[PDB]
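1. Need a 3D model of the following:
(chains A, B, C, D, E, F and G)
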Amino acid sequence: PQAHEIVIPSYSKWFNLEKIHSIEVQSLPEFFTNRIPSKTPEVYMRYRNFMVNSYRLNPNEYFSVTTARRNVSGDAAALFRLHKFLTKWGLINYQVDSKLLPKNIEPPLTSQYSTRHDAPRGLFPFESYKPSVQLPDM
Amino acid sequence: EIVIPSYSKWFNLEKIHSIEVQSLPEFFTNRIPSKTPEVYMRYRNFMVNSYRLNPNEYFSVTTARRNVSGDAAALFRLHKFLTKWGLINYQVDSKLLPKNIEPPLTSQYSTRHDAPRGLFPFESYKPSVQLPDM
Amino acid sequence: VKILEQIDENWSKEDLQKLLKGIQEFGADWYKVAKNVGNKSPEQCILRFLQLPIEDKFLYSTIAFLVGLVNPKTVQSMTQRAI
Amino acid sequence: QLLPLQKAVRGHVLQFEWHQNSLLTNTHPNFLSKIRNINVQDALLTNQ
Amino acid sequence: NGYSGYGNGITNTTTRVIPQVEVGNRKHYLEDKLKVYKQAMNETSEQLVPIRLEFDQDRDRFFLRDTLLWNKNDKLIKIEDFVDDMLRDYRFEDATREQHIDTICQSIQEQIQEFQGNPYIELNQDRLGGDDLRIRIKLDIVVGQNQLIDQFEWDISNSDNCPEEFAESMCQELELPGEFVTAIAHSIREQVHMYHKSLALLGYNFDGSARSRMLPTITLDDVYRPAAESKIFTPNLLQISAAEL
Amino acid sequence: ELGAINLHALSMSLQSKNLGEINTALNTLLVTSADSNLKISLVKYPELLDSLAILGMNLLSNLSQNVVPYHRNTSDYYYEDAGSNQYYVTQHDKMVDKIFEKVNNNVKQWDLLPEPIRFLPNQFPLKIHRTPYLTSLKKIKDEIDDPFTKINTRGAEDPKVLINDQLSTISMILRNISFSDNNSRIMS
Amino acid sequence: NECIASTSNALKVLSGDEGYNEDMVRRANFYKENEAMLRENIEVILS
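-> Numbers count the residues shown, from 1 in each chain, chains lettered A, B, ... in the order given. I have put the structure below:
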């Protein structure tokens, strides 16, 4: 079931609840040297998706690392590390507060799209004189 | 009497497969007196026949903890093992763990400074082609 | 002349068929058109649609390598036009 | 009949990506080359 | 245009500078991890630590009755910082002097300073599946409104078996949702430790039987599966009750 | 100019994509230029400096290695799966898979954050560039107008100049940041 | 060729500037380019 409108600070638009990215490993490598068998990318992803789901459930109100610690753990240390990490990356606890505005209007508006000088791809505002017709066209 | 995973059709409810000892060596150090291939035979045969009784319904492990008071460590391990070989629990689709959640799929994005959401070009037009009339 | 658009791979004929059919009378609602096609991501449709040639209009120069700008013409610049 | 549409949205995304290749090569502002001289504080700091 | 950098944000204001307006309340920490983390935890990892926390007694006014784990092999966190984060997570009055954190970190390091992980049983000895001496682990917990008690063999001599597996398995009860399993393993790692810890005070961490209280506190050979009213301690029960704790 | 309020753009800068890097770098440069009332304070700043140096190191590196970043065909560049796991697997039972594997048919080091600095193989020391301020006129001669200016005074039609101006801007903004207390923040 | 193109470019830069004179020949800049994909993706999220 889905019952909320979830936004994220766009630059984060590299994260995918399905997969992992070179970003986080360079920020949390301690699950990837394959040295500590009790840790693995897999349990990492488990924790990850679990927590993000939790937050996305009722994101209007905050979510603590202590919460997850109560819920599931294999460690406090790494748990906190990654939790605060995602916090930084706003994937979690980002919409804890709401802010609004009346937004008065100005001459530029999103529904304004007219004919005017253009920086984009080519366009020809002057077509052809008379003698151009003088060609054995295709 | 009851079909099992085809590849698994090799078990010895009366013997010990080398696959077993190779899979689980701990019963063969010949050092633990409390452990022996015999008590493991009893373990596994009891487990599998019990499941054979009503395999139409699943059978968990905590039961075994209740029923033999062996070391739950090896009990859990061997239980996982037999399920891995489908020798147990081959007629069920249940007994999962909760998170009281499911992965959602809705999302939105907004990081406006000026550049994304367009660098704000000038306006334009021209959706449809036109006729020369010439 | 005789411009063929049944020219794509990894997408069936009917794939792009339904694609263009949708975008015809659906006005770029990428969500609609994605629904209106057989399990391709909206962005996938956007991309593929974006790589659709009109291979019968661009002709192979002075103008063929310059637009909205040009060498002046009172001297012998046509030497360029014979490049 | 659809061609102009693809051309248009193409131009949209094109200008969009092109915008990325803009890093104020266009201009060359001053970068606060304040220290015309090193003030008294610099010299007396060296000595101190 | 739009307004978003920090929680739906504001990007349209009087054109000022604002450093990291991210706090739920005092919530921004990422500073100073990169180099230290990389250089530190690119090497082997080792034992963990169970910890209990009690501060509600009539010497101080709290709800501190929680448990958690820890890696003594870690040196990455100012423990006090972690504590304060936990406390702010407990929504307590920001005045963390009347909410004294020093006492808490004192208790913490106190508890940590009596640990060796598993003995040479792991440090130098390696017995396939351990040797013997499955303790009759007794675990009761009080969650939400219900308590649950169990007793069962669980080896101390073996390392090959970790707790959390037992946790996720006994999760297969009604729901045993989340919050439960943790404490179990914690208690588990608690329960076991002291024993060999106490046994560490002696010297059997290599050999067999010990020296006097280890005699009653053991399982036996158990050449044959048991009766119904003895193991009738192994099973488990879920009971509602008015609380008096 | 105006708008341009927040500090935390660092996050986007820390991100590894061309887009965000442009969006921030250019803005924050214009920011640190302004000084009428505009200064970069220090509260939980440092992350900014880190991100900056990391970016510059990597860019200059793969530049020296003569290879464009930001665009490959790989992505999300490590494991992706939903395999047999709830939370705790890869114990003893994993070898059963081997057994399983042997019958169904009928560790790593991790580098540090930045790359090395010197000893880089391609870069081997050969004497060039010990030339005086004279090059200004070279500069003139370079910047001189000519049928072959090759000064793409416009954007990056090729990525080489892109990396160049990127590093340039980074250097400039770094300079501008360095005109106050918080030199201590930069202090060695 | 080069002096001609440079003259044209100078003409343009001394005036308004446009990113691409060409690529109405879609095949080239789109089969031989994929950052289009990623940038697009970024766009549609907002668009």
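
2. Next one: the residue nearest the centre of chain G from residue E:198, what distance?
-> Geometric centre of chain G, nearest residue: residue G:20, 3.1 Å, by CA atoms, centre = their mean. Distance from residue G:20 to residue E:198, counting by CB to CB, to the nearest Å: 78 Å. Backbone N, C-alpha and C define where each C-beta goes, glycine included.

3. and what of residue G:26?
-> To residue E:198, residue G:26 is 78 Å away according to CB to CB.

4. Looking at these two, which is more packed in?
-> residue G:26 (18 against 13; other CB atoms under 10 Å in any protein chain shown).

5. count of neighbours near residue 111?
-> Using chain A. With other CB under 10 Å as criterion, residue A:111 counts 4.

6. my question was about chain F
-> Using other CB under 10 Å, residue F:111 has 11 neighbouring residues.

7. so it sits in a helix?
-> No: the assignment for residue F:111, made by DSSP: H, G, I helix; E, B strand; the rest coil, is coil rather than a helix.

8. Which phi and psi values does it adopt?
-> phi -60, psi 160 (degrees, to the nearest 10).

9. any idea how far it lies from chain C?
-> 33 Å (CB to the nearest CB, to the nearest Å).

10. And residue A:109, by the same measure?
-> From residue A:109 across to chain C, the span is 20 Å (CB to the nearest CB).

11. can you pull the contacts of that residue?
-> Residue A:109 makes contact with no residue, according to CB atoms under 8 Å, 6 or more residues apart in numbering or on different chains.

12. Just the element for it, please.
-> Residue A:109 belongs to no helix or strand when assigned by DSSP states H and E.

13. same question, residue F:188
-> Using DSSP H and E, residue F:188 sits in no helix or strand.

14. can you check residue F:16 too?
-> Going by DSSP H and E, residue F:16 is not in any helix or strand.

15. Where does the nearest residue to it once chain neighbours are set aside sit: helix, strand or coil?
-> Sequence neighbours aside, residue A:23 is the residue nearest to residue F:16 in space, at 6.2 Å (criterion: CB to CB, 6 or more residues apart in numbering or on different chains). Under three-state DSSP, residue A:23 falls in the helix class.

16. Tell me who's in contact with residue A:23.
-> Applying CB under 8 Å, 6+ apart to residue A:23 gives the contacts A:14, F:15-16.

17. in chain D, what residue is nearest chain F?
-> Relative to chain F, the nearest point of chain D is residue D:21 (3.4 Å; CB to the nearest CB).

18. Now do that residue against chain B, distance only.
-> Look at residue D:21 and chain B: by CB to the nearest CB, they are 11 Å apart.

19. likewise residue C:40?
-> To chain B, residue C:40 is 17 Å away according to CB to the nearest CB.

20. dump the residue contacts of the nearest residue to residue A:30 once chain neighbours are set aside.
-> Once flanking residues are discounted, residue A:30 sits nearest to residue E:41: 4.1 Å by CB to CB, 6+ apart. By CB under 8 Å, 6+ apart, the contact set of residue E:41 is A:29-30, E:74, E:76.

21. looking at those, which has the most residues close by?
-> Ranked by neighbours (other CB under 10 Å), these are led by residue A:30, which has 24 neighbours.

22. before we move on, what SS does it have?
-> Using three-state DSSP, the structure places residue A:30 in helix.

23. how close does it sit to residue A:135?
-> According to CB to CB, residue A:30 and residue A:135 sit 73 Å apart.

24. residue boundaries of the strands in chain E?
-> Applying DSSP state E to chain E gives strands spanning E:49-52, E:67-70, E:134-143, E:146-155, E:239-240.

25. Is the second one in proximity to chain F?
-> Spelled out, that is strand E:67-70. No: using CB under 8 Å from any CB of the partner chain, strand E:67-70 stays clear of chain F, coming no nearer than 13.7 Å.

26. Provide the contact partners of that strand at residue level.
-> Against strand E:67-70 from outside (CB under 8 Å, 6+ apart): A:69, A:73-77, E:48-53, E:112, E:182-183, E:186-187, E:189-190.

27. and what of stretch A:63-74?
-> Here stretch A:63-74 makes contact (CB under 8 Å, 6+ apart) with A:38-39, A:43, A:47, A:50-51, A:54-55, A:76, A:79-80, A:83-84, A:92-93, E:66, E:68-69, E:85-86, E:89-90, E:164, E:178-179, E:181-182, E:185, F:87-88.

28. Then stretch E:205-213?
-> For stretch E:205-213, the surrounding residues in contact (CB under 8 Å, 6+ apart) are E:119-121, E:125, E:131-132, E:196, E:199, E:202, E:204, E:215.

29. could you check the distance from residue E:39 over to chain C?
-> Here the criterion is CB to the nearest CB. By it, residue E:39 lies 40 Å from chain C.

30. show me the contacts for the residue lying closest to that residue once chain neighbours are set aside.
-> Nearest non-adjacent residue to residue E:39, counting by CB to CB, 6+ apart: residue F:112, 6.9 Å away. Contacts here follow CB under 8 Å, 6+ apart; on that basis residue F:112 touches E:38-39, E:42.

31. still on that earlier bit, in helices only, show me the contacts of stretch A:63-74.
-> Per DSSP state H, helices hold the following members of these: A:43, A:47, A:50-51, A:54-55, A:79-80, A:83-84, E:85-86, E:89, E:164, E:179, E:181-182, E:185.

32. Nearest to residue E:141, out of the contacts of residue F:112: which one, please.
-> Nearest to residue E:141, judged by CB to CB, of the contacts of residue F:112 is residue E:42 at 37.0 Å.

33. Assess the claim that the closest one and residue F:110 are in contact.
-> Yes: Residue E:42 lies in contact with residue F:110 (CB atoms under 8 Å); the separation is 5.6 Å.

34. Overlap in contacts, these two.
-> Residues touching both residue E:42 and residue F:110 (CB under 8 Å, 6+ apart) are A:29, A:33.

35. can you give me how far stretch F:117-133 is from the chain middle?
-> Distance, stretch centre to chain centre, for stretch F:117-133: 21 Å (CA atoms, centre = their mean, to the nearest Å).

36. Can you give me the end-to-end span of that stretch?
-> 27 Å (CA to CA, to the nearest Å).

37. For that stretch, which residues meet the burial criterion?
-> For stretch F:117-133, the neighbour count (16 or more other CB atoms under 10 Å in any protein chain shown) marks no residue as buried.

38. ok, the closest residue to chain F within chain E to residue F:186 distance?
-> In chain E, the residue that lies nearest chain F is residue E:19 (4.1 Å; CB to the nearest CB). Remark: distance between residue E:19 and residue F:186 (CB to CB) = 17 Å.

39. thinking again about what came up before, can you give me phi and psi for the closest residue in space to the residue of chain E closest to chain F that isn't next to it in sequence?
-> Counting by CB to CB, 6+ apart, residue E:19 lies nearest to residue F:43, which is 4.1 Å off, once chain neighbours are set aside. Dihedral pair for residue F:43: phi -120, psi -70, per degrees, to the nearest 10.

40. Since that was my last question, I'll sign off now.
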